């Protein structure tokens, strides 16, 4: 059943499991793998014959998490075109930038549309076409007027995204059919996803975590995916959806797991479904959150490490049946090479820190139009992640942090990851984030911000005293900012430099 293109893999899945459920919209749609497959084929045929989509063309998509997004995403890559999913919340200015930068030739939206995206597309003279799924007797309806021997090549572009800009400049990342097929195989393999598995999407599908792990790897296993009725995560409908659609796992970022834990505290379900595992990725999972999750929902919590340039998955803790999962660790490399290198590019022995570097068929060939970033980031096939970590003697990776977020206090580098984990263990802390700030005496100093739990009162001195009991003195935040809100990216991450800037 494996293939080196995602479209080929999905064709194999549809032929083997045509009547298994593939894609549900809560309360509304329940598509099987054959039905979904054919909706995609017919939509791709319309893209080629009626919307003039040629191999190598880029098609932008901006949708909530909907059935139309799934169908059209897969129709675009099936037509040998590159999908560029974009955040529906962008301004017309941002849409204009991303549409121009990706070389999009077409903009797809729902029937309801998106006014800023359409404004940007009109200005750039990029065609706009809408997509609507009506009922189970009809093809998906495209607003363009009136596929079989399309051949998908592994090196065809399939997915185009941009990097976050947390520590560097936002760069364009082109990913191929081969990149996608490889990551879907890796993700399926390490979690042993099969056609009996089922999940609910609780992350945006325009970022690789929700897209590759939640959606595409499920489909690639003949498994089922459910989208929330309202096109985005809802803490109140989450467990009803997980129960009704027989979910066996889910994946989220730590901030979303925290929201789910808060909901369990204020409104526990009388019963929870028994899951195979719960997955965390994209930002550090504090050990205390791992333990709270395992206690609350009774399933093993497996942390993974991933990035856009690796088409999501790089490493993961394994299934209990294959090995332990370690709090504070992101587990072992899956289906790719990984090495810890010092600044002279020498491989490090276990328990020696250095830059995490990867090599494999899941890794982008290179940033778009950025020969200097490619010369700096790639060497003999190996990509430099910008993350500092080390392997323990079991070969499990422990992340220390992004190179440019480590706090250099008088020659000693502090890990904000480490301190975050400690902050979240304070009885009255709901959220917390440590960050580096300038310091006249030490060059850099560590500060942090915390959000107290509802109805609790916390002081800077409380937090500092608690930190002192649990960290070497040099790591203790010198200033503690109390606040009621920490901004998050759409990918569910708190950006350290933004918080720092806000409180300085």
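Residue numbers count along the first chain shown, from 1.
- Per the record, residue 146 and residue 147 are separated by 4 to 9 deposited residues that have no coordinates.
- Taking the mean C-alpha B-factor of each stretch as recorded, 101-109 and 426-434 are not equal, and the higher mean is that of 426-434.
- As the entry records it, the average C-alpha temperature factor is higher for 129-137, out of 129-137 and 285-293.
- Note on 408, 177, 196, 218: the highest value goes to 408, judged by CA B factor as recorded.
- In this structure the maximum Cα B-factor among 369, 374, 118, 183 is found at 369.
- Placement of the Cα temperature factor of residue 231 within the chain: middle third of the modelled residues, per the deposited record.
- Among the modelled residues of the chain, residue 60 sits in the lowest third by CA temperature factor in this PDB entry.
- When all modelled residues of the chain are sorted by CA temperature factor, residue 404 is found within the highest third.
- For residue 124, the recorded CA temperature factor ranks within the highest third of the chain's modelled residues.
- Residue 237: CA B factor lies in the middle third for its chain, per the PDB record.
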